[PDB]
Structure formats: structure tokens, C-alpha cells
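S.K.: take a look and give me a structure for this.
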Amino acid sequence: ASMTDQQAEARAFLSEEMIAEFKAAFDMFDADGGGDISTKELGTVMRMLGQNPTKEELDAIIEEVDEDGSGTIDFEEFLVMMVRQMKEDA
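M.R.: Residues are numbered from 1 along each chain as shown. The relevant structure is shown in the block below.
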């Protein structure tokens with residue numbers, strides 16, 4: 001799929017200091033603690049860091065990451081939501 005391709009570029013866009021900085025903010029909703037939070041909480045982690053995903057983008061991005069089957073977002077795949085939203089917030 002194109003998600004695995006947008007993943008490598010999504011993490012590379014953020015530096016080591018930003019990746020570790022977003023790690024604690026993203027794990028704020030890690031109910032299980034497996035490097036992933038609820039796809040619905042994906043809007044909170046983006047806002048808690050400083051970005052602002054519109055509600056239309058949250059539902060469109062959640063359904064895209066909800067196709068995995070578990071209903072959660074992985075840190076490596078979620079990094080695309082962080083950079084793609086920060087590309088405008090930055």
C-alpha cells in the first residue's frame with residue numbers, strides 16, 4: 001500500500017529530537033502501551049503536540065488507519081499524520 005511508503009518519509013521528516021518529543025505526547029493515550037493509541041484519539045495527540053487536524057480530516061484519516069483491523073494507530077504509521085498535519089502547522 002502507499003501507507004508503508006508515506007511512513008518512511010513521515011518519520012524522516014521529523015528529527016530524532018522531534019520523534020522522541022512526540023513519543024511521550026503520543027503515548028499519553030496508549031491504553032495498552034504498544035506504541036499505539038485509539039484511532040479516535042489520533043486528533044488529541046495531534047492537538048496536544050501543537051497541530052490542528054480539522055474534524056473532516058480526523059474522520060477521513062481515522063477510517064484510513066482503521067482499515068488495519070485493530071482500530072489503533074502505530075507510531076511509525078501515525079508519524080505520517082504528524083508530519084502531513086505539521087507541514088501546514090509548521
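S.K.: which residue ranges form the strands in the chain?
M.R.: For the chain, applying DSSP state E gives strands covering 36-38, 72-74.
S.K.: mean neighbour count and distance to residue 55 added to those, as CSV?
M.R.: All C-beta atoms are positioned from the backbone trio N, CA, C, and that covers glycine. Output for those, formatted as CSV (neighbours: other CB atoms under 10 Å; distance: least, CB to CB, whole Å):
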stretch, mean neighbour count, distance to residue 55
strand 36-38, 21, 16
strand 72-74, 22, 17
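S.K.: wait, isn't residue 22 in contact with residue 81?
M.R.: No: using CB atoms under 8 Å, residue 22 is not in contact with residue 81, being 10.5 Å away.
S.K.: and those two? Which one has more around it.
M.R.: Per other CB atoms under 10 Å, whichever of residue 22 and residue 81 has more neighbours is residue 81, with 26 against 22.
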